[PDB]
Structures are given as C-alpha cells and as structure tokens.
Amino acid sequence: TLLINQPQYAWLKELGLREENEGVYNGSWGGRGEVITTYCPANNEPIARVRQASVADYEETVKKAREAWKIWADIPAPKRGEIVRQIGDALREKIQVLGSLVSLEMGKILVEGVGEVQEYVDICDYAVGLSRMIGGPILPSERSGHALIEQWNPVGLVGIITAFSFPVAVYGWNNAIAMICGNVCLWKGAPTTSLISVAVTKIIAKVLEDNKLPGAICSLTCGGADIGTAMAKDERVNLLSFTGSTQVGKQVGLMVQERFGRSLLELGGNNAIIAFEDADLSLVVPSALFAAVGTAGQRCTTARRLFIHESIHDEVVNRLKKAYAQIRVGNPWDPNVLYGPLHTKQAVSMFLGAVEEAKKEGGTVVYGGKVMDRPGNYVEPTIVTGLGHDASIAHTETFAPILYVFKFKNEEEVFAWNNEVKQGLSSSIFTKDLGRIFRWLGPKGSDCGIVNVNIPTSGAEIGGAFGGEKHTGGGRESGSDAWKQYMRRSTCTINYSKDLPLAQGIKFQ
C-alpha cells in the first residue's frame, strides 16, 4: 500500500529511501519523535514514513552541530567551497530521481522539480567561487601607523526552516552560502515534504562522511511547529533563516529579536503584474499564465494581481481565458502535463474560501473557481474580475491559483496600487516605454524586492539577492552580497606603531 513498496516507484530507492526513514541526522541518523507518513498530492496515496525529531533529538543535534562548528570554522573557506562543490556534484548525479520525488511528494510538475534541484546545483557552483571571495575591504586609516580592515566571520549555527513549495532550493540557497561562510546548518523542513528533506540530507551526509567531516555540519531535525519554535527561541541558533507564511514568520522574528538573535525572513507575496497600453500582448498573456498557474499558483512569487490598462483589459482577459482552457492537467510527473495538484487538502479548502470570499466582495469568476472532480488535490486555475484594487481578499495572500484582475488608467495610480498591499516580494510591468521602465525601477516605482520588466513575477536567477520588503520580511538569499547575512562583520583597527594618535585629532593628555 505504500508507494515505495510498489514496483513502479522503486526508483525512490535510488535516493536511499525505505518504507520508514530516520528524520534526524547529526552525523548519526535517528528520530524518536512521531512517525509521519507523507502522501502524494496527485493521488492521495501514502509514499513512505519518516521518524521525526523529538525534543531530546533536537537538543542533542544542536550540541553536535555546535561541536562540529569548531572544526568546520577552522577549515579555510576555499576548502569549505570544495565541500560545497562535491555537494553540487552529488546533486547532479541524482537530479532526475530527486526531481521526480519533488514531483511525487510536493506535487509540482517534473520540469519544475528538476529545475528546483538545478537551482541548488547552480548555487553550489556559485558558492564555490564565492568561497575565494568573501571578505571585506582593507581601508585607509586616518591614523598614521594604523591598519583598518573589515573582517567577516561565521555567525556559527544557522537554523534553516523551509516551506513545502520549494522543499529543495530554499534550503539549498541557505546551505551553500552558509557552508562556505563557515557556518554549520540545522534544517527543519515542511513536514509534508519530509522525504525530500531526508533524501537531500542523505546526499549531503555522504559527501561530508566521505570527506571525514562531522555530519552535524548539515544537520536535519524533521518536525513540526514545535521544533521550529524551539529554533526561534534557541540562543544557540545564531541565525534563523525562516521561509514560510507571514503570520508564522512574524512570530519567528519576534522570538529571535527577543533573544537578540539574527533572523532572515522570507515571507508572503502578493505579486502584481501590470500591463500598460503599449505592452506586447504576446508577452503579457503567456507570462501571466505561467506566473499565475505555474506550481499550481503555489510560489511565494506567483502572480496574484493582474492590472491591465482600460484599453486592453477585455482583450487580455479573453486571451488569458482561452489560454487557461488549454492547460494540460494531470499527474505532475507525466509527459506534457503543465498543471498538477495543490499540495494539501487544506490548500484546497483555502482556495474554495478565497473564491467564495472574492464573490462575496463583489468579484466575478470568469474562469475556474471549482475543485476538480478527480483523485488528488486538484483545483481549477481561477481568474476573478471586477474587484476593487483594495478589496480585502485581493490584499490577502492565498497560496492558490486565483488571479485577481483589475483595470487602471494611468501610471501613478497603478504604481501606488502595486505598492499599497502589505506584502513586498515581486512585481512586474509590461511596457515599451523607456521612461516608465526607469521610473518603475526608481524611488517612486515598485517598492518590492524583485522589480521586473516584461517578465513574470516568478523565476528569479541565483546571481541576484532574492527576497522582499515590508511583510515579506526583509531577508535576502542567494546572490549578490546576501552572504553577509550569514556572517558577522568586524571593524578592526590595528596599531602597529609606537604611538597612540586618537581619532578626530583628539588630544587627551
């Protein structure tokens, strides 16, 4: 009855998965907490089991991680980079089966699950180079015979809490950067993607163990909100990177602030696409379709608001409706499938409530709006017109494929409407107007962390910093100098002279 016992899913064993798997790793494998069975969202079948972390498991793992840090922080960064290079290699070796497991346990289509593993492989390669670059400037001191240098050192233990929607890549972004920065990591993933968490940890553990490194450098404590809360409260967790709901993220931030820890918060998005009258509609329509229905609308960066200039609103909505009707629904691992299930039955519940609420607030469902009558957690990708831009439901993040469509007339008002929500993750305008594009990018433009032109709100690349503003939580991951969040800056003044001149020319004698 478990999928992992059926011959058609024996590829799962290529990841080292079994009927029941240890969900704690700290150099040894265990798990004395509750046993969780995870399910395939496309057919509601159970896949396999994971023994989760008890509180005693959490405690011992934190200690072993902090013991491992003493060794790992002593290893020169480029040598830590080499470890991350081997992790990249080990992921490349398993990218198809790992991508398939993402499609199976999480529910996104296979090209997206493989693509998610590729994001991790890519950030690994990026971090290898970074391991020879991280640091700060040597600055010219105003004092004769003094050196002034900005040093960067690891913060220590980086707790990483991740959500279901990207059960591989988010951890990967955090882990590759944290590792080359000399931190140890402790991962608590979404309970409903526990096999993914275990399978990834199995890959990393083999690299660490083959290199005779303490496995706790990349520790795993599978569990629920109780483990996550313990991490938020744990003085030994020097940085807590939390990707998840804004509501939970706000509590995580408060807990970490209460103990003067560091948090990196990657929270909700309410991402708008804006199509101006001069837009290339052959870009707008497919970009909106992918941004809205990709991952069944379950990305932090999913397009949730579509603003269309009055002149082209009806045409775009009609073209969008014709495109939605061609979406190929099915099992996310099957060929030519573009659209799979939502991740849980609760997600279907939230989808239905949001559709209901949209109607109660005056919206019209012009496409979709229903649960699909078929095995699994399938819903129709949904388009809603007629709501005011400030309708409560439109300002709410519903992690589901509902696209709220609005009319607008002029640039100033629609930029303001993009910015009026509490979320601040991604945003996109479709236009040919040069000045408009640079205004969008400027101080009176989009207030989001990702500000795009003529592309969807989703699908960032790893070379830039990824994250948002306002209720999205302010953290950044991946590229640019995001690595600085995983390290502590020191400003270091070295007097190598025989005199003591004081800053600002102060004479104290």
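Residue indices: 1-based, along the sequence shown.
Between 498-506 and 3-11, which has the larger average Cα B-factor in the PDB entry? Result of the comparison: 498-506.
Comparing 25-33 with 463-471, which has the greater mean CA B-factor as deposited? Between 463-471 and 25-33, it is 25-33 that shows the higher mean C-alpha B-factor.
Would you mind finding, among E266, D314, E105, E209, the residue with the largest C-alpha temperature factor in the entry? Within the set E266, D314, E105, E209, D314 shows the top C-alpha B-factor.
Looking at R236, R305, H146, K321, which has the highest CA B-factor as recorded? Among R236, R305, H146, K321, the highest C-alpha B-factor in the entry belongs to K321.
Hey, what third does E397 fall into on Cα B-factor, ranked over its chain? Ranked within chain, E397 CA B lands in the middle tercile.
Quick check on the deposited entry: does the C-alpha B-factor of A68 sit in the lowest, middle or highest third of its chain? Its C-alpha B-factor, which the entry lists for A68, ranks in the lowest third among residues of this chain.
Split into thirds by Cα B-factor across the chain's modelled residues, where does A275 land: lowest, middle or highest? Within its chain, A275 is a middle-third residue by C-alpha B-factor, going by the deposited values.
Assigned third (lowest, middle, highest) for the C-alpha B factor of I47: Ranked within chain, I47 CA B lands in the middle tercile.
Of the three thirds of its chain by CA temperature factor, lowest, middle or highest, which one includes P443? According to the entry, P443 has a C-alpha B-factor in the chain's middle third.
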